[PDB]
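Two forms of a single protein chain come next, each set out by itself as structure tokens; they are called structure 1 and structure 2.
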Structure 1
């Protein structure tokens, strides 16, 4: 009965993952001296290779261009050969994830994009694997990200109101699924064909307790955007709530209106120290020319959690005077016209993206390197 459920760990895709993964981890001359291992391989090695050809696989896609990179892989603009549809495909290297003891962040990332069913969340259509990579096949966002937008325009406060509102709604939606994002930044804010925002890169997300809190002893995210409480949790037993995402919205709003990040330093350790000393290090440039309302919202986000705007819920963010505007309302913003509408040449126009510039050793005994990746495959 669970076999049909796309959420169950024992659906057909996961059962096939196990059989495929066992053959992968055993098929070596050394391990084949065990008769058990050889008797199984003989029975199943021909049909597994047949199954491999009929399963969704990488060679079914044309690689048009590489449009993104990360610690463990890259994102490619692809076209599915048979259907001629266009997607963005993210790859995660199995060797690197094992080599750097980081093998479990992709579960929530896959599940959010697959099941959120939200206009604010990039949607996942397929997940598959081969012996080297994980693959997440996603709806393509041809508008680019907000780093690219900020590098090409001087963002007036009217635009900043729009993108900050859309981010607030997107984070609220993620919070209502029980998740804290923890890596809010402009590189994770993607724009669709109509210029509206979606969140991406859910690698550092975490589900909250029945109390709304998370225990964590590890500081995560990006150094420019990390909140004091998350940073402080590296020294043991962090207990914090969703409000760490609102701190990172404050950094984003500063960066859009001022042109630099508010805790900039030449060293990572300097950035870490400035964030700790934020009550003294947060300083707007003399030539800023930023409104009183914008400066008040920025400073209401860039405080300690016990005092931070949003600690009581999103309604206190939405009423803030900075969001007074003559173009949109909180309940209809994504159906109004975005400030920048992309002009697109073809369905593989990638002009809003800058251009971009090892394996396991053969085992002596059973290691099970493919075991952590069982159950990743998903067919919509």
Structure 2
């Protein structure tokens, strides 16, 4: 009573709330995009609705942040859903990394929610371990995520250029343990921990940048999933088994992937490599027999024990009793950093970068059809309402 208008206005001012101005503005743009067809305009309700909102919706699109406000400098990445571009804001002259997700393929492959957790993690984590999202916007064909540009590349590139000693492996693994703990702290399970999603900032420190497979845990820190997700080499046995139905696992699947990552860093090969994907899946499931260290692998007993501690069945895997039993594993005993200050210390490898558009740590890329015209209302832009966000 009386303060109900002030309470309602408070919901529209909250960027966490799904009814903020940009989300309400999306609700209108999506409706105009999904009704503006010759076929649907046969409806007297639709045609009169469009006649009074067509002009203003087209003015609003042009007034809002658009793809045209950035100069594409170079395409540095290219997933199945779209490319990651090194862009420069025309007005601010600032260099960001912008991810494009095809609205066609994201809707077409049924995948229309994986980006929500990515959006919320980047926009609101406020963690030094998570790449920050400055602006999320969209157009009829793509979603756009303007994020901080990580100029040092990924850990795949590092491993390809260096024989990683255990002094460096201790470091990168610790930064990954803390980044995952920050994600788990936010009530999420990564599910796609791999060196490809571990980026290095301008000083050589780690940040996790891809969050497509993230999934919110229930009040028991558990997840119910009947679909295998992640990269073949790093999928834990519990996530593989989940494909057959009755999938019930927790955050320990991320610690499995850490162990695969640490093995790859020290050995130079994935622990369960095979030519077929099914050959890799067989080795992962049969880990008790298939996990072995090459006789030329220069690895300590502590490093081997930590890898074996992670590469076991979830029931007895390190990390089941919290992150503290990971942090106090003798492998992390070092005279360069502490868990409370590791990000303030010198990184093993500091990227050499001549300019704000230097993308030397990213391999060159050598350069998504249109949605069909609907006979009846389909509402293809409906899963995208509320994607827009401005920091």
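Residue numbers count along the first chain shown, from 1. For the two forms, the rigid core is made up of the largest set of C-alpha atoms that agree within 1.5 Å on superposition.
- After superposition on the rigid core, the single residue among 351, 36, 312, 346 whose C-alpha moves by 2 Å or more between structure 1 and structure 2 is 36.
- In the rigid-core superposition between structure 1 and structure 2, residue position residue 287 carries a C-alpha shift of 1.3 Å.
- For residue 108, the CA shift between structure 1 and structure 2 after superposing the rigid core equals 0.4 Å.
- Superposed on the core, the two forms differ at residue 365, whose C-alpha moves 2.1 Å between structure 1 and structure 2.
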